[PDB]
Amino acid sequence: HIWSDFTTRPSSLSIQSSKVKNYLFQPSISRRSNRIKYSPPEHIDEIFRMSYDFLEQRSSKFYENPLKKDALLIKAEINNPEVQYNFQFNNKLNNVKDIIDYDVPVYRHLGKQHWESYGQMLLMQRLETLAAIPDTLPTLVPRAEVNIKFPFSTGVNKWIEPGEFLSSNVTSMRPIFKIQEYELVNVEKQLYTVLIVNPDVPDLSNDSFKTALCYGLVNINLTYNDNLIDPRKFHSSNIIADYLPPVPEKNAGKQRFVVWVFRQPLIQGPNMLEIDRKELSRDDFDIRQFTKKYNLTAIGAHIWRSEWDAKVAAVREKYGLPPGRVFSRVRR
Amino acid sequence: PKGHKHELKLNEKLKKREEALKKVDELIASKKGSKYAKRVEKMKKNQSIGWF
Amino acid sequence: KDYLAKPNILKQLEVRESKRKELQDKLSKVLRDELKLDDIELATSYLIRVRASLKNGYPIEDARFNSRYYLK
Amino acid sequence: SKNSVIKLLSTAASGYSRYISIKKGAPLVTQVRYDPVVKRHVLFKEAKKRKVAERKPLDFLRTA
RNA sequence: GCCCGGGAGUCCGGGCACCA
RNA sequence: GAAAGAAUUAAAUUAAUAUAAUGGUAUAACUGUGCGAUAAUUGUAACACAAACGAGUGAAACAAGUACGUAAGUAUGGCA
RNA sequence: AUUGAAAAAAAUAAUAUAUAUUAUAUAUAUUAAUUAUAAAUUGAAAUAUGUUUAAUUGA
Ligand SMILES: [Mg+2]
Ligand SMILES: [Mg+2]
Ligand SMILES: [Mg+2]
């Protein structure tokens, strides 16, 4: 009876609600009439118990280098009904430590699986279709989710779907990222960088486009449960290029703002890096070159896109920028 | 001056047009089906302010 | 389309503004009733922001912090 | 001989018509199209009346 | 296209316009 | 060592294409299915091909509205 | 909600209600329906109300 024990095993592996647990072991549907109506399938109890016993035994058997160990742990746990209940029926985004610990490997694995099932795929699609990858950064291999938000301007709460159109109002002030890491990585020593690039600003000299780096964080510390990049966490030492908002010029297409997240190269403590904050040209910016220089590995990405609107002038004024150019409606 | 036939029957025509406009969407819905109508209703309900 | 639906949008915005103003006034009144010191306008604005945050999905302290940060 | 022309009048009474060809048997046609007077799509309906090759109304309500 | 003769439909024969 | 999945390679091709012949077509245009009966809509069409003229052909883009699509987009009748 | 059985809550989505924003968001509640649609004297079923039989049960 290993799943009943909670000495070494974290407390998150159990269902925190007691009633539910009781129901499971010998319901939730709140309304009384509805409950009355409900009629579960026969012989569920004994068979379920037997199954539990079997799986528990298996887990015990499983129970005994780091990555391998983690994998083993995951294997042992996954079939626990309680853990499944916790994961499936509680929110993974705004995670709550005790219900779902991403410190715990099983939960992390589950999260990864979930991501693979949908969100990751969606992100990939958005990248491919909108020509984010080949245009800015050759390729990526998903690794970790990255969800952005724009809480400060306007005041509303929404996780941005990849490849959305945001109003200039919404993207007036900086965003918040949540880099949900998986894959058994170090937490103390591993640092991250985050770059919001937009590759389609009009170059009149060449007649093509040039890529601007509108926001740049480096040397961020992350944790499996604690990963929201709010002004609380990063401090002014970590910003290499402070936030500039999307201010598309009229008839300059739809500008794609693509947030990239990279993990630092790993050598005792947390390894930092200087990045000549002054020297680095942000107005025109080579992402690939930058990566080559500091040997980054892009883990995750997200993307949105902005268009001109009446509001942008005001935004520009607020930020103390030029009045903004205007382009001919024809693609001559 | 009496006014040209087309010039005197103008206001009435306009009124008729307005009336038609008022009762055109419904007609379209009817032509289409019930599902379409339902969809339209849903859209109307939506409650989503855009931007300019 | 924009031209068509611009006036309506403007009207909506105006309405929203009015509502906000009303809320602010209410907040001010409440403050007065309480007897707290106040700058006052700023405080009211902050309060409104906090309220908005609360209305949307935010833990209260976090929401407050966010509001503060916006002002900053 | 097989294909006759017909005039389709805008259901919005702008008096903007459009013409199409159909078989003689063809069902009573309607089509929603753009009306440049009203500047929006509207139903266009047959103006002149014409006999139709009658089809039996298919029965969804399991009769007899 | 419209009008006849052999409620609707089919199948046949007359006309009446169109004939630039 | 097994099971399942994802496939990949080979063959693809005269089957099918509303309709002659030709060229194309599995990355399917060929077939099945959901939604839809909407691009078998409305103003300007540059510029090409072709071309004695009259004509013909492809068509970017601008603007108005519509359909499907998570999105990217796609649709100004039909693989030519 | 009242009937059965023997403090609460923490996904997704759907529905109901509210509000936030020149952001089709958020908060609270509940998890419905999933192959149905008019018109049948003799088919079948159930319930309510009587009488009889082995206060009730069955028939
Ligand atoms: Mg062929
Ligand atoms: Mg086709
Ligand atoms: Mg010519």
# chains A, B, ... in the order shown; residues from 1 in each chain; ligands from 1
call {"tool": "interface_residues", "arguments": {"of": "chain B", "to": "chain D", "cutoff": "12 Å", "atoms": "only C-alpha atoms", "output": "VMD selection string"}}
result
chain B and resid 10 12 to 32
call {"tool": "residues_near_ligand", "arguments": {"ligand": "ligand 2", "cutoff": "8 Å", "atoms": "only C-alpha atoms (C1' of nucleotides) and all ligand atoms", "output": "ChimeraX atom specification"}}
result
/F:29,78-79
call {"tool": "residues_near_ligand", "arguments": {"ligand": "ligand 3", "cutoff": "10 Å", "atoms": "only C-alpha atoms (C1' of nucleotides) and all ligand atoms", "output": "PyMOL selection string"}}
result
chain F and resi 50-56
call {"tool": "write_last_selection", "arguments": {"atoms": "N, CA and C atoms (P, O5', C5', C4', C3', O3' and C1' of nucleotides)", "output": "PDB file, in the first residue's frame"}}
result
ATOM      1  P     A F  50       2.903  36.011 -77.581  1.00  0.00           P
ATOM      2  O5'   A F  50       1.432  36.081 -78.193  1.00  0.00           O
ATOM      3  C5'   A F  50       0.638  34.889 -78.342  1.00  0.00           C
ATOM      4  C4'   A F  50      -0.789  35.228 -78.711  1.00  0.00           C
ATOM      5  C3'   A F  50      -0.985  36.062 -79.972  1.00  0.00           C
ATOM      6  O3'   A F  50      -0.951  35.261 -81.145  1.00  0.00           O
ATOM      7  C1'   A F  50      -2.252  37.001 -78.229  1.00  0.00           C
ATOM      8  P     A F  51      -0.394  35.869 -82.513  1.00  0.00           P
ATOM      9  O5'   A F  51      -1.378  37.087 -82.790  1.00  0.00           O
ATOM     10  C5'   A F  51      -2.755  36.848 -83.113  1.00  0.00           C
ATOM     11  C4'   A F  51      -3.512  38.151 -83.128  1.00  0.00           C
ATOM     12  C3'   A F  51      -2.990  39.203 -84.100  1.00  0.00           C
ATOM     13  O3'   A F  51      -3.478  38.966 -85.416  1.00  0.00           O
ATOM     14  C1'   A F  51      -3.302  40.193 -81.986  1.00  0.00           C
ATOM     15  P     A F  52      -2.764  39.656 -86.666  1.00  0.00           P
ATOM     16  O5'   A F  52      -3.225  41.171 -86.531  1.00  0.00           O
ATOM     17  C5'   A F  52      -2.270  42.235 -86.429  1.00  0.00           C
ATOM     18  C4'   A F  52      -2.843  43.459 -87.079  1.00  0.00           C
ATOM     19  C3'   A F  52      -4.096  44.032 -86.427  1.00  0.00           C
ATOM     20  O3'   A F  52      -3.749  44.861 -85.321  1.00  0.00           O
ATOM     21  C1'   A F  52      -4.401  43.894 -88.769  1.00  0.00           C
ATOM     22  P     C F  53      -4.583  44.789 -83.954  1.00  0.00           P
ATOM     23  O5'   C F  53      -5.975  45.451 -84.349  1.00  0.00           O
ATOM     24  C5'   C F  53      -6.054  46.821 -84.777  1.00  0.00           C
ATOM     25  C4'   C F  53      -7.424  47.120 -85.340  1.00  0.00           C
ATOM     26  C3'   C F  53      -8.609  46.702 -84.483  1.00  0.00           C
ATOM     27  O3'   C F  53      -8.932  47.673 -83.496  1.00  0.00           O
ATOM     28  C1'   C F  53      -8.951  45.983 -86.707  1.00  0.00           C
ATOM     29  P     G F  54      -9.805  47.258 -82.218  1.00  0.00           P
ATOM     30  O5'   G F  54     -11.003  46.416 -82.843  1.00  0.00           O
ATOM     31  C5'   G F  54     -12.231  47.055 -83.239  1.00  0.00           C
ATOM     32  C4'   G F  54     -13.291  46.027 -83.558  1.00  0.00           C
ATOM     33  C3'   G F  54     -13.665  45.072 -82.436  1.00  0.00           C
ATOM     34  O3'   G F  54     -14.564  45.672 -81.511  1.00  0.00           O
ATOM     35  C1'   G F  54     -13.370  43.857 -84.434  1.00  0.00           C
ATOM     36  P     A F  55     -14.290  45.575 -79.938  1.00  0.00           P
ATOM     37  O5'   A F  55     -14.758  44.094 -79.584  1.00  0.00           O
ATOM     38  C5'   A F  55     -13.862  43.154 -78.969  1.00  0.00           C
ATOM     39  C4'   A F  55     -13.999  41.810 -79.634  1.00  0.00           C
ATOM     40  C3'   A F  55     -13.475  40.620 -78.839  1.00  0.00           C
ATOM     41  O3'   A F  55     -14.405  40.194 -77.848  1.00  0.00           O
ATOM     42  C1'   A F  55     -12.561  40.537 -80.995  1.00  0.00           C
ATOM     43  P     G F  56     -13.945  40.084 -76.316  1.00  0.00           P
ATOM     44  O5'   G F  56     -12.992  38.810 -76.316  1.00  0.00           O
ATOM     45  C5'   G F  56     -13.468  37.552 -76.824  1.00  0.00           C
ATOM     46  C4'   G F  56     -12.324  36.584 -76.991  1.00  0.00           C
ATOM     47  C3'   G F  56     -11.564  36.229 -75.724  1.00  0.00           C
ATOM     48  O3'   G F  56     -12.260  35.250 -74.965  1.00  0.00           O
ATOM     49  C1'   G F  56     -10.024  36.743 -77.425  1.00  0.00           C
TER      50        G F  56
END
call {"tool": "select_by_dssp", "arguments": {"residues": "chain B", "states": "alpha helix (DSSP H)", "output": "number ranges by chain"}}
result
B: 5-8, 10-22, 25-32, 34-45
call {"tool": "interface_residues", "arguments": {"of": "chain B", "to": "chain G", "cutoff": "9 Å", "atoms": "only C-alpha atoms (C1' of nucleotides)", "output": "VMD selection string"}}
result
chain B and resid 46 to 52
call {"tool": "residues_near_ligand", "arguments": {"ligand": "ligand 1", "cutoff": "9 Å", "atoms": "only C-alpha atoms (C1' of nucleotides) and all ligand atoms", "output": "PyMOL selection string"}}
result
chain F and resi 14+17+22-25
call {"tool": "interface_residues", "arguments": {"of": "chain G", "to": "chain C", "cutoff": "7 Å", "atoms": "only C-alpha atoms (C1' of nucleotides)", "output": "list in words"}}
result
residues 20, 22, 26 and 27 of chain G
call {"tool": "closest_residue", "arguments": {"among": "D:2, D:55, D:17, D:8", "to": "residue 35 of chain D", "atoms": "only C-alpha atoms"}}
result
D:17
call {"tool": "interface_residues", "arguments": {"of": "chain A", "to": "chain G", "cutoff": "8 Å", "atoms": "only C-alpha atoms (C1' of nucleotides)", "output": "MDAnalysis selection string"}}
result
chainID A and resid 29 31 36 87:92 154:158 166:167 170
call {"tool": "write_last_selection", "arguments": {"atoms": "N, CA, C and O atoms", "output": "mmCIF file, in the first residue's frame"}}
result
data_model
loop_
_atom_site.group_PDB
_atom_site.id
_atom_site.type_symbol
_atom_site.label_atom_id
_atom_site.label_comp_id
_atom_site.auth_asym_id
_atom_site.auth_seq_id
_atom_site.Cartn_x
_atom_site.Cartn_y
_atom_site.Cartn_z
ATOM 1 N N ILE A 29 -21.192 16.027 -8.543
ATOM 2 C CA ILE A 29 -22.530 16.408 -9.000
ATOM 3 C C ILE A 29 -23.331 17.055 -7.854
ATOM 4 O O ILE A 29 -23.910 16.371 -7.010
ATOM 5 N N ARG A 31 -26.106 19.176 -7.258
ATOM 6 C CA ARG A 31 -27.542 19.293 -7.012
ATOM 7 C C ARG A 31 -28.133 17.969 -6.514
ATOM 8 O O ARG A 31 -27.715 16.897 -6.953
ATOM 9 N N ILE A 36 -29.922 12.265 -7.270
ATOM 10 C CA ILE A 36 -30.989 11.261 -7.165
ATOM 11 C C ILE A 36 -31.188 10.573 -8.510
ATOM 12 O O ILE A 36 -31.276 9.340 -8.596
ATOM 13 N N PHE A 87 -5.080 16.004 -11.885
ATOM 14 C CA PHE A 87 -4.521 16.663 -13.041
ATOM 15 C C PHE A 87 -5.657 17.077 -13.972
ATOM 16 O O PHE A 87 -5.693 18.213 -14.500
ATOM 17 N N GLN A 88 -6.499 16.095 -14.265
ATOM 18 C CA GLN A 88 -7.555 16.223 -15.265
ATOM 19 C C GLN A 88 -8.500 17.357 -14.893
ATOM 20 O O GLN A 88 -8.851 18.189 -15.740
ATOM 21 N N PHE A 89 -8.928 17.383 -13.633
ATOM 22 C CA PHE A 89 -10.055 18.216 -13.218
ATOM 23 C C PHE A 89 -9.673 19.451 -12.411
ATOM 24 O O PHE A 89 -10.503 20.000 -11.688
ATOM 25 N N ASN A 90 -8.427 19.893 -12.538
ATOM 26 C CA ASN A 90 -7.980 21.138 -11.917
ATOM 27 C C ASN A 90 -7.099 21.895 -12.896
ATOM 28 O O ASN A 90 -6.431 21.281 -13.728
ATOM 29 N N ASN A 91 -7.093 23.223 -12.800
ATOM 30 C CA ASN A 91 -6.479 24.046 -13.844
ATOM 31 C C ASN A 91 -4.948 23.964 -13.825
ATOM 32 O O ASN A 91 -4.317 24.026 -12.767
ATOM 33 N N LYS A 92 -4.379 23.804 -15.019
ATOM 34 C CA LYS A 92 -2.943 23.620 -15.210
ATOM 35 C C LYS A 92 -2.232 24.950 -15.424
ATOM 36 O O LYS A 92 -1.081 25.104 -15.017
ATOM 37 N N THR A 154 -5.483 48.639 -19.823
ATOM 38 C CA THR A 154 -6.886 48.205 -19.832
ATOM 39 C C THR A 154 -7.326 47.617 -18.488
ATOM 40 O O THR A 154 -8.274 48.112 -17.875
ATOM 41 N N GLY A 155 -6.654 46.558 -18.048
ATOM 42 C CA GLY A 155 -6.902 45.974 -16.733
ATOM 43 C C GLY A 155 -7.554 44.604 -16.758
ATOM 44 O O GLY A 155 -7.711 43.979 -15.709
ATOM 45 N N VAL A 156 -7.928 44.126 -17.943
ATOM 46 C CA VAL A 156 -8.616 42.838 -18.046
ATOM 47 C C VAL A 156 -7.638 41.673 -17.974
ATOM 48 O O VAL A 156 -6.421 41.856 -18.059
ATOM 49 N N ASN A 157 -8.195 40.477 -17.819
ATOM 50 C CA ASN A 157 -7.418 39.258 -17.659
ATOM 51 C C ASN A 157 -7.667 38.326 -18.833
ATOM 52 O O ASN A 157 -8.791 37.870 -19.036
ATOM 53 N N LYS A 158 -6.626 38.060 -19.617
ATOM 54 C CA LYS A 158 -6.735 37.117 -20.726
ATOM 55 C C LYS A 158 -5.378 36.592 -21.161
ATOM 56 O O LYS A 158 -4.450 37.363 -21.403
ATOM 57 N N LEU A 166 -4.130 42.136 -31.491
ATOM 58 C CA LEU A 166 -4.324 42.932 -30.291
ATOM 59 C C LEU A 166 -4.440 44.396 -30.663
ATOM 60 O O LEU A 166 -3.735 44.879 -31.547
ATOM 61 N N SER A 167 -5.338 45.098 -29.985
ATOM 62 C CA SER A 167 -5.482 46.534 -30.168
ATOM 63 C C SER A 167 -4.238 47.233 -29.631
ATOM 64 O O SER A 167 -3.517 46.679 -28.803
ATOM 65 N N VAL A 170 -4.356 47.589 -25.897
ATOM 66 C CA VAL A 170 -4.037 46.369 -25.144
ATOM 67 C C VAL A 170 -2.537 46.166 -24.999
ATOM 68 O O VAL A 170 -2.048 45.819 -23.925
#
call {"tool": "interface_residues", "arguments": {"of": "chain E", "to": "chain D", "cutoff": "12 Å", "atoms": "only C-alpha atoms (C1' of nucleotides)", "output": "PDB file with C-alpha atoms (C1' of nucleotides), in the first residue's frame"}}
result
ATOM      1  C1'   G E   1     -43.153  33.652 -75.245  1.00  0.00           C
ATOM      2  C1'   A E   8     -54.072  19.880 -61.930  1.00  0.00           C
ATOM      3  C1'   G E   9     -50.615  17.038 -64.999  1.00  0.00           C
ATOM      4  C1'   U E  10     -48.952  14.880 -69.179  1.00  0.00           C
TER       5        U E  10
END
call {"tool": "interface_residues", "arguments": {"of": "chain D", "to": "chain F", "cutoff": "6 Å", "atoms": "only C-alpha atoms (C1' of nucleotides)", "output": "PyMOL selection string"}}
result
chain D and resi 33-34+36+40
call {"tool": "write_last_selection", "arguments": {"atoms": "C-alpha atoms", "output": "tab-separated table (two decimals), in the first residue's frame"}}
result
chain	number	residue	atom	x	y	z
D	33	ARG	CA	-26.49	38.28	-54.12
D	34	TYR	CA	-25.00	41.75	-53.79
D	36	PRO	CA	-25.14	47.79	-55.39
D	40	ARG	CA	-25.32	44.65	-49.12
call {"tool": "atom_distance", "arguments": {"atom1": "atom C1' of residue 34 of chain F", "atom2": "atom CA of residue 165 of chain A"}}
result
28.0 Å
call {"tool": "atom_distance", "arguments": {"atom1": "atom CA of residue 14 of chain A", "atom2": "atom CA of residue 57 of chain A"}}
result
17.1 Å
